[PDB]
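Chains as they are written, first to last, in the authors' numbering: chain E, 12 to 454; chain C, 12 to 145, 152 to 454; chain R, 298 to 342; chain D, 15 to 150, 156 to 453; chain F, 15 to 150, 156 to 453.
A quick write-up on the structure given underneath.
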Amino acid sequence: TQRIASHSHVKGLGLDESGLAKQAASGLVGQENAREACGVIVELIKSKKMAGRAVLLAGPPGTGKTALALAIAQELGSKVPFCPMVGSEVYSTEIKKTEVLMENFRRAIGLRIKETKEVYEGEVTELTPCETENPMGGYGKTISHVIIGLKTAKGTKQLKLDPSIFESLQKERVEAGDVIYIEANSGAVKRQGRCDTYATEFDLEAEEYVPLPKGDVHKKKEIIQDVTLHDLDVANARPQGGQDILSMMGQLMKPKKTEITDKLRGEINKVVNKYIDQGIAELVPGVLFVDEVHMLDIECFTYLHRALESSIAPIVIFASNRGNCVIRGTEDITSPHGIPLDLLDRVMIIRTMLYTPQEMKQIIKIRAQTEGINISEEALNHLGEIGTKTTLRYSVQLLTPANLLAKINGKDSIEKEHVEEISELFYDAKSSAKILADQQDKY
Amino acid sequence: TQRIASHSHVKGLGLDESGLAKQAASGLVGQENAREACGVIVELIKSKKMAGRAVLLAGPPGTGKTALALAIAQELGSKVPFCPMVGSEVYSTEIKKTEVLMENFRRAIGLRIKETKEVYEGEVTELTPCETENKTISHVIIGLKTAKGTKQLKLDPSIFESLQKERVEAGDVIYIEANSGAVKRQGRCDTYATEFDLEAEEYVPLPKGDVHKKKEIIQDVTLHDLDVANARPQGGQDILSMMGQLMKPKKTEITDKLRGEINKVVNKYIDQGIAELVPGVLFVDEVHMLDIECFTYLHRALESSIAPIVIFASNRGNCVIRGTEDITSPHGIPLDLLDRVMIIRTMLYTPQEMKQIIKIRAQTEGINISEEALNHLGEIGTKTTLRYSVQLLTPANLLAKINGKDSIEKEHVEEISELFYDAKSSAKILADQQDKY
Amino acid sequence: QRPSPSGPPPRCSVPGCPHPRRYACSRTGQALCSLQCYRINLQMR
Amino acid sequence: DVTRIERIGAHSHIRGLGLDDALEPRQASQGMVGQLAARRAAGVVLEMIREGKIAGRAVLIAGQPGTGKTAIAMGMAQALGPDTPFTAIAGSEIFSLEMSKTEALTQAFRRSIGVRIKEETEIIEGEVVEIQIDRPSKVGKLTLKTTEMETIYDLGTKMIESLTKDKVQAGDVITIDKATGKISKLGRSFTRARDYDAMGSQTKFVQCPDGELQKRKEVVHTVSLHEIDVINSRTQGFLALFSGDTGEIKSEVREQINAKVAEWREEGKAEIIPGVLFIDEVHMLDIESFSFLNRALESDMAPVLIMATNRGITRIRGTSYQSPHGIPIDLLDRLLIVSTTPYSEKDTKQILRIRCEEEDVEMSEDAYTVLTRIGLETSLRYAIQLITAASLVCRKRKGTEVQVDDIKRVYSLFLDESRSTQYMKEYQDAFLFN
Amino acid sequence: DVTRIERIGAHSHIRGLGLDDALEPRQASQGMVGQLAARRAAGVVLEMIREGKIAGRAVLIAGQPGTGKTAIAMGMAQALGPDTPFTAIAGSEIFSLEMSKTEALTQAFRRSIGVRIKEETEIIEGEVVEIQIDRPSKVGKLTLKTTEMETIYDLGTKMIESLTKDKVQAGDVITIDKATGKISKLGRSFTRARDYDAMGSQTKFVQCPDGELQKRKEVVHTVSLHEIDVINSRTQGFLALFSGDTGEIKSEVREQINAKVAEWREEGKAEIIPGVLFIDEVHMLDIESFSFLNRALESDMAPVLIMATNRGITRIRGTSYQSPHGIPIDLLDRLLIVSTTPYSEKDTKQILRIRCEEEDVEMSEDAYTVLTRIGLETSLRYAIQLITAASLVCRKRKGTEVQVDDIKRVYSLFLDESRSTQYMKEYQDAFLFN
Ligand SMILES: Nc1ncnc2c1ncn2[C@@H]1O[C@H](COP(=O)(O)OP(=O)(O)O)[C@@H](O)[C@H]1O
Ligand SMILES: Nc1ncnc2c1ncn2[C@@H]1O[C@H](COP(=O)(O)OP(=O)(O)O)[C@@H](O)[C@H]1O
Ligand SMILES: Nc1ncnc2c1ncn2[C@@H]1O[C@H](COP(=O)(O)OP(=O)(O)O)[C@@H](O)[C@H]1O
Ligand SMILES: Nc1ncnc2c1ncn2[C@@H]1O[C@H](COP(=O)(O)OP(=O)(O)O)[C@@H](O)[C@H]1O
Ligand SMILES: [Zn+2]
């Protein structure tokens, strides 16, 4: 099955009908203000009325702002795209930071285009050069059309094609019983391979045997393909066709991220505007997520101003676990939360607070029921005392070894002696930090 | 017409025949000692007998150092190559910082070359390859039809590869040269345009004159262009030269062996007398931005015997050397290079000399300014800066065109000076609101 | 036009086995699927 | 219900500078309000750019954060017109690991200047009657039909190769260029395509054209000097424009391109038009790009540029000494400074009133008192976000008119930077790297 | 006498990690003595690795230098069993000029996740006795020989065209696949290739295959996740796989990889095996990497993390801060810390007795007191070198067993770092850059 993820127990925000945040919903307890604020944010995402909006999430480590940001995508669904990106990915050797952020802005937004396809496929029963009778003194023989037979399990059908395609059928190898791909709209003819029925005549043959297609001879089906503006920017960035020698050699070369000029962006915006005016393509906005925003360079902080002031900028969310810190790139400059005041004024700050011991016990119970672990009352109280003493995260991490050791000992439930032995063997971060002080001279 | 340039009104140094500097000449006023000092410099560059000389220009910002550099550039003429360079240009990701300074000398020195070319061109009546046993083509047979006559010639399989490369077919006019070996296609003759009512190929008339014609072509090329041509095989008849022609032209460093070979072949051309070499002038602006490593290479660069004359521009005083982190040197130039370069002193312009600059620039912009507005612009210019009064000329003319006045008035200059802020006043305003910044 | 396909598939030599023939044997002059049946065929020949 | 690629934004609602023919600033026009001094100066630079007789000029804008320094640049950008080229670049954009910063500056200066070229071509447009080809060189004929006249033309070798390469069959409306040689199929005829082969290909249909078959059309285009320099530098580099792989173009090629463009202007076949280069937060740009910009601006082809500076009296990056506006005195004295006066209380009410017509959100008269007070105590941007989210919660309560309780709800949901700093001081000890 | 590519090493003297049903570490197990809680927690997290029910877990080990962090790490790795994906990389290995650090750590997390698949195939591999063809559709047969049997194959026209295109001759050992149709030439026979006086530039000798000529069997192939990335990124993924030239991989291809592998898991065809990622000397690492490890742990899939820090408090490179284990406090809580204890002087004698069996050099009970005195007063590795260096002097003395005079002699030959520092203080003025 699916491997259990730390955030996999968060299925969404769990909002009510009136907009208020239920206390316990979708495995989330507490943080009513943050869940309601994000509850308005998802209404902005669904509304699509504004662009370039930047939200900020601040608070102590372990408050669940990442669980809320990831819960936003779960509440929105799979219709709108969601692009989490850490600030560490902004620094790259080949591609510049501004091109990284731009390509992320193109990664958020996406398109969906509906298209119909008509395809003829099957085994070839017969191929005839149908000859009409029109003898002329200028040219002796006349051929009106070529008949191509096709056989499938559901039915057989014959097709009357112009003789011009027989020049390609004679240009490439075509044998009786060859399963071929023929599209009516494109008009091109490709050879799939030999049918599996004739594979029994020879013990060894070079041609591979593809099975006969199961279905009607003429297949017309409508499929909607979703392609993001970033994919469009890459396909427009490098040619996919390898007919050219420079495209073949460049295809042999190692692919590297290239800086894309704004002209291609403008052309994409224009053709996208045209298809939107036609109504065939459906455009949906994306949701960009950013974690460890305090790790960005000051050049990225100033670039986010011109990036956010644009109307094509998708909604961006930020996550900052740090307080007042020195801005990276400048030694003597200090700013609250680790972000300059210019961007910090533009972003919408959301405050988060630490959980109470009761909420710690409830979250521990939720994680226990998620991982499928049973906890006794008293051991849950002592574990809540441990989490309150140090952190919620450590008390969450203490669940697995007590479950495994409990199964080894034969007890299907966790006991205070189990969490006591586990708490004795393993060391919390603060206790280890205090132990390092005495032996620091030997280190 | 031509867009107005800041230095466009400077036609040269404005010196007499005796070498003295006139008060106002060639759109330049003042700096008599500087212009008179450059009067010997232009005689040195025109003399060409000396090399490895560097002349530094020391002066306050806005005193016309760059105007003196471009003034010398206009004084030497169009035949003398003049290469401007900025201290920030030497930094490049593709090549080292030294290779730029080394290439700026080859780009500075120009070369005039006369080339005698034999030309075979005209209509192609018949083209057939010969067949020889190894199915290889040993020779090519191509006839040439012209209004003067018809002559059949034989071509090599390489020239045939260039023809098939150009998709040459019977009935087209082509251009063929011998020494270079390249093949060009002019187009299809106009006589055949009547057979098709619609055709993609454009038609050119049949040329006139003899098929084979020897002609002299005098071309001016730079030793840096020659150095890049010998550095990379971009042009040529080779299929590898075509692939490299398709490849991106990234910059690469040139080896000293190739440079010495260039000196050998150009020296042989000078010994033959067909090529005429002329010295160039290399100009460096914002030299204080150059790195101490670039100066370290400039030690050997200026001491080189083939180095063209270099002029430097320094607008700053005592400052910390780039990269030293400790030692500060006068004019941002270390004592080692500063001892070698020749320094020219530049003085600030006087209040009386500033108004003449304001009037000359006002006439250059095509604006009619009254004597009152001239005296006011001179007064405020001496109060703050000359550049400010230079920048106030156009907007006041715009207000004159809006109000319909044929000339600028004290209310126009007062309104423009009221809208725009001087650097001193703005810097003073930044103090009160600095807490909000 | 495609010819009429052969109805019967080829079969193994030892006829408690028979499967589509994997290879042909020149010494025994008969087709076999595996060396197991090949031992019986070679022993019979 | 259809949403374009463009969405509502901070500076997007501005339709222009709101200027009169006298260039005197109007209080409220074209989505801009207040700041008569900077509006008038923006009128001076707009009339100057429309004049285009002077080149190589720099205009700087300075003021307090939140005074609309970007709103003015977007105002002149939208009021400049579509036919005039405009380019907006940021200081962090010209920094790249592939190419040098100075080369990026040359791409900016040469990119801002537009070049307009007109082209007159005679094309043939009509419905194909029949197509015949004879292959032994292949020689064939093409018969076309229009409502005005029916024509018959002969096809050459390259023409047959082009049509067969384009898969053109009888019954399709096509457009053929005589001089260029290009063929573009517009579609098929309804009646001619009503009877088709059993293949049954359904793609598109186009009505039969009318009038003369061969007509003369004029198609005007604009090409950037950087585009021409990349195309001619890369030796058929048309893909390198969209790929962006090109870099460090030789200066000799740029000089030859400048001379050839000057020759084109002397011929009159091509025209040169000025363009604007907008730079925001230039104070963070390295001093090397400033030293290269001062001397590089002296060129005749250097367009007029406009820079903006948020702060003042700050050391330049790479130098340990402070300078006004983070700019050296050579450049700061080299360009003119335009100061923006901070907005007053009276203008804030009108700025917040513009969002009523722009966002189509009905605002009560009692909401402008508290909302205006929030605009006085806090940032006008936070006031605008308070308007947007206040309209979201207003829709949540399904009311037509905005209520103060909804604004109090949004104000309870979102906190100001100063408040987040106040809580960050209480929890700062638990926060990392305090 | 034959020496393999592997030789004796510091951590090579231990094979496997002894445990019990109660997870009680033995006093001496597989050459490991001490660290009861460390070995017990190592068994707990090891059983956790064998379960693999959860992902995104990080375990940091803490203790004084010389406590056997790499010893217990390698013991856990060997006790985990073979065919388990294991990647142990130094903190400096992720630094590369061609690749970014995010791509280095990313590929480090991707490569340690394996996938076991099952595929049935049929192959014909044997030595060709003869080849004969007849062209009138050409019909031909080939005679093959194996140790068990020899048989002939009748092949079609194009199947003949493949062998004739490859210039296949009789007497070569080849492999033929009927389903795919490709031919793989292994080499030539010894007796057949012996007839040639000389051999070509590319040739090889392969023994006659034994067993069934045509084998139809099901094989379970174990693949790694890092291989698929290059193959789906480039047309040729193996060339850049072995060359290591690939770098800066797009995340969209990785997302498509995770989606397709998730589809395979939904189909139940292949099952994913968890893996171990070990990082040593993590005290020196980039804060950007420390920020990336957050989402690296919060990802849906990720191998188990085992990291070692040899320093209690050290300033992180790139910033000025004081933090435990040279790691930030935000990432400090994501780690499961296992403390260790230094080795007792009584256990030193035991582990030295274990090290005696590695060199098979017997030592008297009186020598363990001096060697243990050196392993106590000074670092243990110095004494581990003292026994090996002493055995050579013993062989120079031609004695059957080492003596205390050997440890005294080698102790006089080699000095401790503290002693070399003491002499370096006396001669320090003569040394450069004192
Ligand atoms: N309210 C909550 N309910 C349940 N689990 C939570 C809650 N808040 C946080 N968690 C858990 O804590 C883990 C770590 O959260 P983290 O991303 O550190 O939060 P933050 O980003 O606010 O520091 C997550 O895997 C999540 O499952
Ligand atoms: N002596 C002069 N006569 C006329 N114009 C001058 C003179 N000196 C300087 N100028 C003008 O002043 C303008 C600014 O000079 P600038 O290049 O800043 O001097 P510098 O290079 O010394 O800083 C130039 O465009 C130049 O045309
Ligand atoms: N002249 C104006 N008219 C209307 N709105 C304005 C004007 N100037 C500024 N604003 C509003 O103020 C908000 C913040 O402006 P800001 O970008 O901070 O100005 P600056 O760039 O000068 O700091 C913008 O959202 C804009 O809508
Ligand atoms: N418990 C143990 N039993 C046997 N040998 C050990 C033990 N612990 C450490 N060693 C040996 O000590 C040597 C040095 O260990 P070292 O890598 O310095 O440990 P650490 O990484 O904790 O400093 C290793 O080669 C290992 O074989
Ligand atoms: Zn059998």
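All residues carry an ideal CB built from backbone N, CA and C; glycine is no exception.
query: Looking at C-alpha atoms only, which residue of F:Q146, F:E271, F:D305 and F:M326 is the closest neighbour of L296 of chain F?
result: Among F:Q146, F:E271, F:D305 and F:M326, the Cα nearest to that of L296 of chain F belongs to F:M326.
message: I'd like to know whether the C-beta atoms of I426 of chain D and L371 of chain D end up nearer to each other than 8 Å.
response: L371 of chain D is positioned such that its CB atom lies no closer than 8 Å to that of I426 of chain D.
- prompt: Any heavy atom of ligand 2 within a distance shorter than 7 Å of the CB on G70 of chain C?
  reply: Correct: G70 of chain C has its Cβ closer than 7 Å to ligand 2.
query: Apart from the five residues on each side of it in sequence, which residues of its chain come closer than 7 Å, Cβ to Cβ, to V430 of chain C?
result: Excluding positions up to five away in sequence, the list reads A390, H393, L394, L409 and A413.
message: Quick check on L79 of chain E - is its C-beta less than 8 Å from some C-beta in chain D?
response: Chain D has no Cβ within less than 8 Å of the Cβ of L79 of chain E.
task: Apply the 10 Å Cβ neighbour rule to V407 of chain C and answer buried if 16 or more other Cβ atoms are within range, or exposed otherwise.
output: Result: buried.
- prompt: Roughly how many whole angstroms lie between the Cα atoms of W283 of chain F and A289 of chain F?
  reply: One C-alpha to the other measures close to 6 Å.
message: Would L260 of chain D and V249 of chain D be called neighbours here (beta carbons separated by less than 8 Å)?
response: Going by C-beta atoms, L260 of chain D is nearer than 8 Å to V249 of chain D.
query: How long is the line joining the alpha carbons of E183 of chain E and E212 of chain E, rounded to whole angstroms?
result: Taking the straight line from one Cα to the other gives about 24 Å.
- request: Grab me the residues of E267 of chain F's own chain with a C-beta within less than 8 Å of its C-beta, minus the 5 sequence neighbours each way, in chain order.
  value: Once the five neighbours on either side are set aside, the close Cβ partners of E267 of chain F are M113, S114 and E117.
- request: With 8 Å as the threshold, decide whether the Cβ of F109 of chain D is near any Cβ in chain F.
  value: Chain F, which has no Cβ nearer than 8 Å to the Cβ of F109 of chain D, makes this no.
message: When you measure from the CB of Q42 of chain C to every non-hydrogen atom of ligand 2, does any distance come out below 7 Å?
response: Of the heavy atoms belonging to ligand 2, at least one sits nearer than 7 Å to the Cβ of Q42 of chain C.
- request: May I have the straight-line CA-CA distance separating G256 of chain D from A248 of chain E, to the nearest angstrom?
  value: Taking the straight line joining both Cα atoms gives about 13 Å.
task: Leaving out five residues on either side along the sequence, give the residues of the same chain with a beta carbon under 8 Å from the beta carbon of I22 of chain D.
output: Taken in chain order, the residues that qualify are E377 and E378.
message: For a minimum of 3 consecutive residues, which ranges assigned as the beta strand (DSSP E) are wholly contained in the stretch 134-190 of chain E?
response: Runs of the beta strand (DSSP E) lying entirely within the stretch 134-190 of chain E, each at least 3 residues long, are 157-162 and 167-172 in chain order.
field: Per-residue contacts from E100 of chain E into chain D (C-beta, under 7 Å)
entry: Residues of chain D passing the Cβ test: none, with the nearest at roughly 16 Å.
- request: For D148 of chain F, I'd like the list of residues in its chain whose CB is within less than 8 Å of its CB, leaving aside the five on either flank, ordered along the chain.
  value: For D148 of chain F, same chain residues with a beta-carbon under 8 Å away, outside a window of 5 residues either side, are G159 in chain order.
field: Contact with chain D by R202 of chain C, beta-carbon distance below 8 Å
entry: Not an interface residue.
message: So, at 6 Å on beta carbons, what are the nonlocal neighbours of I171 of chain D in its own chain, with the 5 sequence-adjacent residues on each side left out?
response: Cβ contact annotation for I171 of chain D (same chain, cutoff 6 Å, sequence separation greater than five): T162, in chain order.
query: Terminal residues of the continuous beta strand (DSSP E) containing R207 of chain F?
result: Bounds of the beta strand (DSSP E) holding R207 of chain F are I202 to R207.
Backbone CA spacing between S43 of chain D and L240 of chain C [nearest angstrom]: The straight-line gap from Cα to Cα measures roughly 59 Å.
- request: Please list the partners that residue 147 of chain C has in chain E, where partner means a Cβ-to-Cβ separation under 8 Å.
  value: There are no atomic positions for residue 147 of chain C here, as chain C continues from 145 directly to 152.
message: Considering only DSSP beta bridges, list what residue 13 of chain F is partnered with.
response: Residue 13 of chain F lies beyond the range of chain F shown here (15 to 453); nothing can be said about it.
query: Can you tell me the Cα-Cα spacing of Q422 of chain F and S383 of chain F, whole angstroms?
result: Approximately 7 Å, taken between the alpha carbons.
- prompt: Which bits of chain C does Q275 of chain D rub up against, with CB to CB less than 7 Å?
  reply: Those within 7 Å of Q275 of chain D in chain C number zero; the least Cβ separation is about 11 Å.
- prompt: Just curious, the beta strand (DSSP E) that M326 of chain F is in, first and last residue?
  reply: Unbroken beta strand (DSSP E) run through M326 of chain F: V323 to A327.
Interfacial residues, the stretch 315-337 of chain R to chain E, with Cβ spacing under 9 Å: Correct list: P317, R318, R319, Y320, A321 and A328.
task: Please report how far the alpha carbon of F309 of chain F lies from the alpha carbon of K76 of chain C, in whole angstroms.
output: Each residue's Cα considered, the two are about 53 Å apart.
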